[PDB]
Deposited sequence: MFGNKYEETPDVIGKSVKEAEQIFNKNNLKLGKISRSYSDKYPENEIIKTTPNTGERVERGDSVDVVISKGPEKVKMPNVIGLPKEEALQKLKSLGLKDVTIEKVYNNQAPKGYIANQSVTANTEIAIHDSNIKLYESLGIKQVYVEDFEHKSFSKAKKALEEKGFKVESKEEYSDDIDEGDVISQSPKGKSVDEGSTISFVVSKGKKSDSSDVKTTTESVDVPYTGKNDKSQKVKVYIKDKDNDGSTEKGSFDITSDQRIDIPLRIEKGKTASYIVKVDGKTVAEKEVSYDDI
């Protein structure tokens, strides 16, 4: 009767067969998850099946788990991702939904197994499907205190920006306007505020500068005057006009106590003149 060599090596199996007056038969190789590579998987005849003196016994050997190359599915829609996995015999796939900022809602943000040889049985792939970015509600603070606005929205993860403007009907430090507001938007979004610095209720200079024209083809040049003073942060131009000849230009500046104001005059993008002026 056929001896049991299952889980054994070929080396040992032939030893057991010879001892039993039998020959090692043909050797073939099969993928297996149950048996470590180069262990007997199966015999013909099977263990305990009747045999006669000198008959051979064929053996099948483990080539270890059958494997594939893990595909890259990050950024594909869920169903494309799963199909691409099935197409390789990878069917043990669990989905986990998470918020994410790289892949849109319904698209795979992450793979368990990096884009590697994997066994096609009990592979335990996990795919992380994006729910999009977490939506957080932006509290509408129009006509309320900016300080409270900034702080409340900071604590919900928002980035807060503000410029200031004069107002006759909105208390100092109260919000003229807010964008966005009254709405849920992506976590961490920037909320923009226009804030009241009270009513337009400082010294005064008119500075003169001669701007030369340096253009070609009898074509005008564009002059841009940028001012930093009481109510101007030199952000955008306080003056914008074309020049076709030398022009004397006057630049009104209003300066607080203990401060300096300044002007820059550019001509076709290039600085031509600049000056600092103190509250004198």
query: In sequence order, the deposited-sequence ranges that have no modelled C-alpha atom; finding: 1-7, 123, 210-213, 293-294
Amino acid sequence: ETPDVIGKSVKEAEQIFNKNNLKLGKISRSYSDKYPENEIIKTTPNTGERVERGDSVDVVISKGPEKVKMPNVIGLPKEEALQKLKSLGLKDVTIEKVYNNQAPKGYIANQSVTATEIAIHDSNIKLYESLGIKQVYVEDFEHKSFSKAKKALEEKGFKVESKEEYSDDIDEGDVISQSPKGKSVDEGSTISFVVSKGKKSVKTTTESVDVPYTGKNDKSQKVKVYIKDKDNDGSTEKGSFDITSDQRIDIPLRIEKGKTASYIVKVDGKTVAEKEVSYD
From here on, numbers count along this sequence of modelled residues.
| property | result |
| --- | --- |
| Average Cα temperature factor in the PDB entry - higher stretch of 11-19, 266-274 | 11-19 |
| Between the two ranges 70-78 and 185-193, the one averaging a larger CA B factor in the entry | 70-78 |
| Highest recorded Cα temperature factor - choice among 237, 55, 58, 39 | 237 |
| Which of 139, 142, 172, 129 ranks first by CA B-factor in the deposited coordinates | 172 |
| Third of chain Cα B-factors occupied by residue 232 | highest |
| Third assignment of residue 50 from its chain's C-alpha B-factors | middle |
| Cα B factor band for residue 90 (lowest, middle or highest third within the chain) | highest |
| Position of residue 212 among the chain's modelled residues by C-alpha B-factor, lowest, middle or highest third | lowest |
| Chain thirds of CA B-factor: placement of residue 123 | highest |
